[PDB]
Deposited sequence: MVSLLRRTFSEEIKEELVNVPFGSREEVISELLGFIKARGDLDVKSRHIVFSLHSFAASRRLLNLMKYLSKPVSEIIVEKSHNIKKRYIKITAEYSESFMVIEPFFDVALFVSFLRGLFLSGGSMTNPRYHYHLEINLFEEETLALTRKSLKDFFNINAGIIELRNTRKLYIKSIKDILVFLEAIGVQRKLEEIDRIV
């Protein structure tokens, strides 16, 4: 049998995010684009390959709210990730959440759930988000600096790309913006 329980710091944070209430339709669609850009694969449908059980639960709620049929939810044994396959509508692909702080925030939330991780900050200050497309990467950094004064970097390693945050004051600002409350762990 295959376990869905990871006890990492990253999950503890992501479990707290599963519950944040949804917002406008457009805020929901921007988060979904987060998931799509961090972990989506078009070929309908979109197939989402998630490492986070919590992100995975959030995705299914995103799809419920949007009335989007989920085709399949398979857990791949280590003996992990979770493959969710989902219908979509093309208007989802083309929302631009970079110029409205609420849509951007919603979009950061999707990036981080689906492709983000963070080291336990007692040991080391490090938050990254898997995000491959350079246009999207550059727009997100601009909007982070712009709205939040957050200096985001780029990790480039072996045909992968991560958006990167080093500063704990920055990680804090970011985690508060996407909805984390129990970061009173400070």
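Notebook entry, point to check: How would you list, in order, the spans of the deposited sequence that the model does not cover?
Noted result: Missing CA coords at 44 to 46, 83 to 86, 194 to 198.
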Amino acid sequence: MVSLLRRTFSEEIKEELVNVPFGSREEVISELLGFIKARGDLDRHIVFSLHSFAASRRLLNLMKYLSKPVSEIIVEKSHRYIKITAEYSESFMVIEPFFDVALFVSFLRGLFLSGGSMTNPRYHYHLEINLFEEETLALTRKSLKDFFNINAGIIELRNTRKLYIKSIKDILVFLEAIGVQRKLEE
From here on, numbers count along this sequence of modelled residues.
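Next item on the list: Look up the CA B-factors in the entry and say which stretch, 175 to 183 or 4 to 12, has the higher mean.
Entry: Per the PDB record, 175 to 183.
Notebook entry, point to check: Based on the entry's values, in what third of the chain does the Cα temperature factor of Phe104 lie: lowest, middle or highest?
Noted result: CA B-factor rank for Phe104: lowest third.
Next item on the list: Taking the values exactly as deposited, rank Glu76 by C-alpha B-factor within its chain and report the matching third: lowest, middle or highest.
Entry: Highest third.
Next item on the list: Grab the CA temperature factor for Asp43 from the record and place it in the lowest, middle or highest third of its chain.
Entry: Top third by C-alpha B-factor.
Next item on the list: Place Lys162 in the lowest, middle or highest third of its chain's C-alpha B-factors, as listed in the PDB entry.
Entry: Ranked within chain, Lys162 CA B lands in the middle tercile.
Check: Thinking about Cα B factors across the chain, which third does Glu31 belong to?
Finding: Within its chain, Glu31 is a lowest-third residue by C-alpha B-factor, going by the deposited values.
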